[PDB]
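In: Kindly return the folded structure for what I paste below:
(chains A, B, C, D, E, F, G and H)
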Amino acid sequence: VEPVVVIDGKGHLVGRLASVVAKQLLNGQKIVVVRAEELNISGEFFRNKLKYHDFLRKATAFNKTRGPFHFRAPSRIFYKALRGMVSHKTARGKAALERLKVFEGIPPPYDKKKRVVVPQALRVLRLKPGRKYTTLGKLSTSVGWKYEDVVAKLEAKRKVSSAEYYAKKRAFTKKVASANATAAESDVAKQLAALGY
Amino acid sequence: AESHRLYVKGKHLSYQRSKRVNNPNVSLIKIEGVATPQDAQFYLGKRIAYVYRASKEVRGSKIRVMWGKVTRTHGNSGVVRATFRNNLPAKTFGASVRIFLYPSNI
Amino acid sequence: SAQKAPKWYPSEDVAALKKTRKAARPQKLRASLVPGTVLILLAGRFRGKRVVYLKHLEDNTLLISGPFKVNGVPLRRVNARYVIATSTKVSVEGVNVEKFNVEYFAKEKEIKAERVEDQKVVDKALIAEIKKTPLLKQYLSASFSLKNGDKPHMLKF
Amino acid sequence: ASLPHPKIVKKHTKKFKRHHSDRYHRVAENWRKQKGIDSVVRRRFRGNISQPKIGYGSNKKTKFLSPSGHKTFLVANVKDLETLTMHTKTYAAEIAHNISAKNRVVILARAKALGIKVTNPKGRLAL
RNA sequence: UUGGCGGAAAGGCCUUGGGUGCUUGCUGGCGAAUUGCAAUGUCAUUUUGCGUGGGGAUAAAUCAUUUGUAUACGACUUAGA
RNA sequence: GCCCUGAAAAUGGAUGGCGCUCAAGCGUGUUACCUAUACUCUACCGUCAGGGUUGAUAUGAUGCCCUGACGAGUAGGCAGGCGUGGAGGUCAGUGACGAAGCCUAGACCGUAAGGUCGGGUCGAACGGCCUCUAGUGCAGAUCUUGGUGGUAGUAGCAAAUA
RNA sequence: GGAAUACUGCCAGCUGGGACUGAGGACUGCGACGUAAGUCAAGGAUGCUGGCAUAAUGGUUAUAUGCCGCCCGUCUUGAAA
RNA sequence: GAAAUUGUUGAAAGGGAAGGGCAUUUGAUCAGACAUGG
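Out: Residues are numbered from 1 along each chain as shown, chains lettered A, B, ... in the order given. Next up is the structure itself:
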């Protein structure tokens, strides 16, 4: 019910986000997830880092280059959670995946394109209050992800731009809701109200 | 007359199947806007079309259609079951499908 | 001989059927199909058109009008399973309609003069009724379609 | 041209080829029942070839009909042909592979006379 | 067409000025059938070969030969109008 | 009760995997939903059983017809059939105007063993039916004899002064 | 004090939507509705309409896609080993 | 003048075997019709 859906990764729980986003692909819907670095995992940071290290120990013994690949970027840590939830080795699998992109920060076209949240994967709705959790960006960095600051710099630059944009918007939506006021109470308006409009 | 559609959109998700055996004879469709088996009861018997392109023209057209119909609902979330004159190709798991408003017993 | 010959051979007598028990009883149309009722046609050449129902013919079909001058649909046969009955309804009191039946439509290119004159006879009266209600004409001239958002199983019509 | 018959139903139109006839040239497609002690085919594990068995038998009523609706009868010459004089709606003639080109024109003319269907006209047809 | 802004993958965004089509804001005059009671009836975007008229531009790499900072063979690195 | 300590092994790794923390965890309750070659109803194949019917009246009485039930299978028993060399009988069978044989992601019959046809190639003999007869049916036996591959343009073709 | 409702159960109570099937082939049977002649949903589908022709459709075959599928033969309690 | 095995031509597929099953897309190929006044 949209050609492409763009999800703000912020405040979302990896596995549950991964679950919904994967079903979306297998049902034909294009997805792009942005702001992967402000994704959460439940349970405090030491446990999650520890987990990532357990994953780090796995490599093909005779040639570490053919053994499992350890991707450190938040976007790509997420891509792993997702991939495991899709028969990625079948034709249909590869197709499902190709409908999906993940980004750290939110790089252009998407930056002027609406984003949605996924409630059933939203931490604040989901995690019980008091329960400790983890920021995906912080976790990545600690296991070697290089671009935390770069993406941080780029985001504030973006956010300045977005504010100005949103401020013009609001100002315009003032003029409309204003200049409307006259028509807002007019015979046509009363008619529309009779039919619920 | 920007819009001309007289069908509801649907997606072709799977054949009927257990965990390790599928049954190509029945197809599972998710109709847009339908969330409960109660809702989906409205669509039972309606006709569906899967609509595709080909290279060879036939009746001077490169569009082709596989017809079928919704036969019962499926599970608790509005998914519906469908049989087709042929049997949906399978590469089409994820493809759009069209669910008409006739036969109408409005 | 290439092959020995059968010792049997079946009868070439064709048998007659058993006296079948399936009497034709009349189709009783759903409550909302009531003459004068506006229909949305769902399929066929004039799918989308909103149309005035006039009469239930003896081959189960619905005699349909339009009116022609309103939306180009002529008097015509329509099948009841390919129609939605709206709740909107025009009076069909002063409309002839007696002559119209199965053999009227019988296939015996052109367009018969009778057809063209009956259209004007029936339409003039219908249009005269349609006009007493504001935006009805316009309504009927305009085609029906689903918009993003519409749910057939929910909508009233 | 033929009687009436119910819809001819095949039941299993695929061949039934010997197991592993696709694996070694040495092993001909002709059906052969696996006897091996461990054999997955003989034991019928999901996923392998079906084997022939009596449940696939054709409806007595439509069995042996060719799509035209007639049992075929093999036919060497005009005398043979004429055994189907009375049974035109029922049998159709197929002319032996070894009938000479000219003797075929004769069987053909006669069939025509008698209204008997020929299943392989265009025998050694000149033209 | 006047200004501007956008480098995270900006390749898009805002703006000024006229011109042109449409305008269902509203009131008229015509048209539609016979595609015959559903079935095939709106055209999308990719490549790629050709066709016309305009603007445009006018090289190199390989083999062979050669160096030994290189080399099992390929490969590498040099030189030659 | 849950949780924590007690709790040490060798390639990297397994609640099946992802991942899940008012659970996607633990105890309990309530509904709905998914799905076996099972159960219910129906068609068709076969097997077994029971029953009817050549009384004069065209073509199968080991037949035709009606009805109910049943179907897993190694070793193994029985049955009904498919196919081969030759033999008696018969179609006054097919054939140099093309026998047999061979080739053919061409056709048709049969659950199957198989049968049949077209086209191509070929050149001298051959087949159906009732019987008779066996030196009668292959994937295997480190089976026999022959023929052929991958290996591979590979190992190599460097002792004895040139 | 007089009710209602829930819960559970019964109706040879009335109705809507959807799906699969349509074996059989003159007549014999049991019934039903009729004052009647007749009618019928009563020992298995009919009726009306339409569509297809270098085609609708079916067989085969190749390939893709979903799911599934270990090497046969052998001896063995147990073999993909 | 078969098979194994081979050359050339044509068509097709091929991200650590290939082959098989049920099903259908797509391409190729093959059918069954048969008759009604002019």
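
In: what's the neighbour count on the residue of chain A found nearest RNA strand E?
Out: Residue nearest to RNA strand E within chain A: residue A:105 (2.3 Å; C-beta to the nearest atom of the strand). No exception for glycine: its C-beta is placed from N, CA and C like everyone else's. Look at residue A:105: counted by other C-beta atoms under 10 Å in any protein chain shown, it has 22 neighbours.

In: Could you say which helix or strand holds the nearest residue to it once chain neighbours are set aside?
Out: Nearest residue to residue A:105, sequence neighbours excluded (C-beta to C-beta, 6 or more residues apart in numbering or on different chains): residue A:151, at 4.4 Å. Per DSSP states H and E, residue A:151 falls inside helix A:148-184.

In: elements contacting that helix?
Out: Contacts defined by 3 or more C-beta pairs under 8 Å, 6 or more residues apart in numbering or on different chains; DSSP states H and E place helix A:148-184 against helix A:136-142.

In: Stretch A:176-189 close to RNA strand E?
Out: No - Stretch A:176-189 is not in contact with RNA strand E by C-beta under 7 Å from any atom of the strand; minimum separation 9.3 Å.

In: Show me what that stretch is in contact with.
Out: Stretch A:176-189 has contacts (C-beta atoms under 8 Å, 6 or more residues apart in numbering or on different chains) with no other residue.

In: that older thread, could you report the separation of the residue nearest to residue A:105 from RNA strand G?
Out: 35 Å (C-beta to the nearest atom of the strand, to the nearest Å).

In: What's the local residue count around that residue?
Out: 23.

In: I'd guessed it sits against residue A:35; true?
Out: No - using C-beta atoms under 8 Å, residue A:151 is not in contact with residue A:35, being 9.2 Å away.

In: Please enumerate the shared neighbours of those two.
Out: By C-beta under 8 Å, 6+ apart, residue A:151 and residue A:35 have these common neighbours: A:104-105.

In: Can you get me a residue count around residue D:97?
Out: Look at residue D:97: counted by other C-beta under 10 Å, it has 9 neighbours.

In: Which SSE is immediately downstream of the helix holding residue A:151?
Out: helix A:187-194.

In: can whichever strand or helix holds residue B:29 be found next to chain C?
Out: Assigned by DSSP H and E, residue B:29 belongs to strand B:22-31. No - applying C-beta under 8 Å from any C-beta of the partner chain, one finds strand B:22-31 separated from chain C by no less than 8.9 Å.

In: From the contact counts, what lies against that strand?
Out: For strand B:22-31, the elements it packs on are strand B:7-17, strand B:63-73, strand B:79-84, strand B:96-100, judged by 3+ C-beta pairs under 8 Å, 6+ apart.

In: do stretch A:131-149 and RNA strand F meet?
Out: Yes - against RNA strand F, stretch A:131-149 shows contacts by C-beta under 7 Å from any atom of the strand at residue A:131.

In: Which residues outside that stretch are in contact with it?
Out: By C-beta under 8 Å, 6+ apart, stretch A:131-149 touches A:9, A:14, A:36-45, A:47-49, A:52-53, A:56, A:70, A:72-74, A:77-78, A:104, A:123, A:127, A:151.

In: Mind doing that once more with 7 Å?
Out: Residues outside stretch A:131-149 that contact it (C-beta atoms under 7 Å, 6 or more residues apart in numbering or on different chains) are A:36-45, A:48-49, A:52, A:72-74, A:77, A:104, A:123, A:127.

In: Can you mark which positions in it are buried?
Out: Using 16 or more other C-beta atoms under 10 Å in any protein chain shown as the test for burial, stretch A:131-149 gives A:134-141, A:143, A:145, A:147-148.

In: out of those, who's nearest residue D:20?
Out: Distance to residue D:20, by C-beta to C-beta, is smallest for residue A:143 among those, at 52.4 Å.

In: That closest one and RNA strand F, how far apart?
Out: Residue A:143 sits 13 Å away from RNA strand F, going by C-beta to the nearest atom of the strand.

In: cool, residue B:58 as well?
Out: Distance, residue B:58 to RNA strand F, by C-beta to the nearest atom of the strand: 22 Å.

In: what's the burial count for that residue?
Out: For residue B:58, using other C-beta under 10 Å, the count is 9.

In: about what we covered before: what's the angle from the helix holding residue A:151 to helix A:187-194?
Out: Counting by axes from the mean of the first three to the mean of the last three C-alpha atoms, to 10 degrees, helix A:148-184 lies at 110 degrees to helix A:187-194.

In: and helix A:148-184, which residues are buried?
Out: So for helix A:148-184, counting by 16+ other C-beta under 10 Å, buried means A:148, A:151, A:155.

In: Now tabulate those residues in CSV and tack on distance to RNA strand H.
Out: CSV is the format used below for the buried residues of helix A:148-184 (distance: C-beta to the nearest atom of the strand, whole Å):
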residue, distance to RNA strand H
A:148, 29
A:151, 27
A:155, 32
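
In: Residue A:16 versus the residue in chain A that chain B sits nearest to, what's the distance?
Out: Of all residues in chain A, residue A:28 sits closest to chain B, at 3.7 Å by C-beta to the nearest C-beta. As judged by C-beta to C-beta, to the nearest Å, residue A:28 and residue A:16 stand 21 Å apart.
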